[PDB]
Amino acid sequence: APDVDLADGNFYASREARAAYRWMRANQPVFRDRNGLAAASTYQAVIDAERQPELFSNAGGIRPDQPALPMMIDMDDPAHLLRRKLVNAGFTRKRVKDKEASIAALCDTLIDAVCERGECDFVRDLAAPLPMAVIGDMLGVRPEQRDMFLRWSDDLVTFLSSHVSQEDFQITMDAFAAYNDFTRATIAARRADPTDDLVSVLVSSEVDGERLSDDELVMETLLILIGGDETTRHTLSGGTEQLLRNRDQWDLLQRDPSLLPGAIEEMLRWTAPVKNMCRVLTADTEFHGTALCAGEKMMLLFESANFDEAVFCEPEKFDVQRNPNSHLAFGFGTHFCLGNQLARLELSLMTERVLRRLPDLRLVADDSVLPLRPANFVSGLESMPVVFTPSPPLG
């Protein structure tokens, strides 16, 4: 077997991870790593676990060596369902679709900031700022305070993505304290004088005589911040990278905008920014050939599932036309990403504008192998230098 530690962020920063996944799928689909940690590597195993939440629970927390927090993603039904219905008020199909104009304007502003230069870092300048600006605007964050939230988000993702030192633990707690303070200020303000922002909508949400408490509002908005920021970033950067590495794909999209929805799905399949979520076993079970024990956690390897040849023909081919494309980047089942529509909307609006406004975009070096973030949870490109013919801003 490959000698790997699936809780080590260095594994996921390796471009040989998919080679390891390939071995797992072919030889021990429910794999145990060098330390005995169990992981579902095939699409079939991931789906089968997702469909059995009573056996494969979220209530032990979704990271391998960390306890549950009081938030939707660390809950099982029926409690989870109530929490999700409450928060869903902020993510109805209509409410998300109505953000189109505002998100488009953010995209044009971001491209305006670099279009005259002829070069930018696609990650720093386009992929990273968009998701935080979208969430920031929902949360009432002033534009000049976005970078503060970007840092807190990175701190928290880092905490979820490793076993932190004492120092980094304190940094995480301090970031949470700051987020908590900010959010409680917003909650107090909105409970008194409602606007149309996210905290306002969540405060007014009601399900079967139940409402979100201040504690729950802090936790659920935090989950939204962390869940929707760096994930979206990595699909935007890594997905655009594949368009640039395969010019035929870039060319297809540019000459046919109707192919955009399929392109976004392939970007999602390929990038799988969430590399795993954990499930805790509620009983001993024989699962796709591997004996699992009550109380242990098993990873769902979403990237591995997304490259499973049982489901995706020639999975190492990036193909924007792929149909079907039933990837698991957003998971499956009762915890299926609540923000999936918003993420898709951001990715579509920015990609449409990149294709249009930076039509000859290319990677600084076509032979570059760019670094991935060492993290065991959410990961993608650190940097992506790109060049293009300059143009005047739209303003």
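Start at 1 with the first residue shown and count on from there. Rigid core (definition): largest C-alpha set, two forms, superposition within 1.5 Å.
Worksheet entry | More shifted region, core-based fit in 6 other deposited structures of this protein, 153 to 161 vs 107 to 115 by CA | Between 107 to 115 and 153 to 161, greater C-alpha deviation in 6 other deposited structures of this protein belongs to 153 to 161.
Discussion item. Can you check whether 177 to 185 or 297 to 305 lies farther from the displayed model in 6 other deposited structures of this protein, averaging C-alpha distances as RMS after superposing on the core?
Written reply: Per-stretch check in 6 other deposited structures of this protein: the more divergent one is 177 to 185.
Fill in: Mean Cα B-factor comparison, 367 to 375 or 381 to 389, giving the higher one as deposited
Result of the comparison: 367 to 375.
Worksheet entry | Mean temperature factor over C-alpha atoms, higher-scoring stretch between 292 to 300 and 252 to 260 | Mean C-alpha B-factor is greater for 252 to 260.
Discussion item. Given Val280, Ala89, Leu217, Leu110, identify the residue with the highest C-alpha B factor in the PDB entry.
Written reply: In the PDB entry, the greatest C-alpha B-factor among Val280, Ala89, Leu217, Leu110 is found at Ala89.
Practice prompt. Would you mind finding, among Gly61, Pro29, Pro70, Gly339, the residue with the largest C-alpha temperature factor in the entry?
Written response: When the deposited C-alpha B-factors of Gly61, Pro29, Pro70, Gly339 are compared, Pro70 is largest.
Worksheet item: In terms of the chain's CA B-factor thirds, is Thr231 lowest, middle or highest?
Response: Within its chain, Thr231 is a lowest-third residue by C-alpha B-factor, going by the deposited values.
Worksheet item: Where does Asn35 sit by CA temperature factor within its chain: lowest, middle or highest third?
Response: Within its chain, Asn35 is a highest-third residue by C-alpha B-factor, going by the deposited values.
Item to complete: Would you please rank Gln166 by its C-alpha temperature factor against the other modelled residues of its chain and give the third it falls in: lowest, middle or highest?
Response: Highest third of the chain for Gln166's C-alpha B-factor.
Worksheet item: Considering only modelled residues of the same chain, in which third does the CA B-factor of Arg353 rank: lowest, middle or highest?
Response: For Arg353, the deposited C-alpha B-factor lands in the middle third.
Practice prompt. Please place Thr158 in the lowest, middle or highest third of its chain by C-alpha B factor as given in the entry.
Written response: Answer is middle: the recorded C-alpha B-factor places it there.
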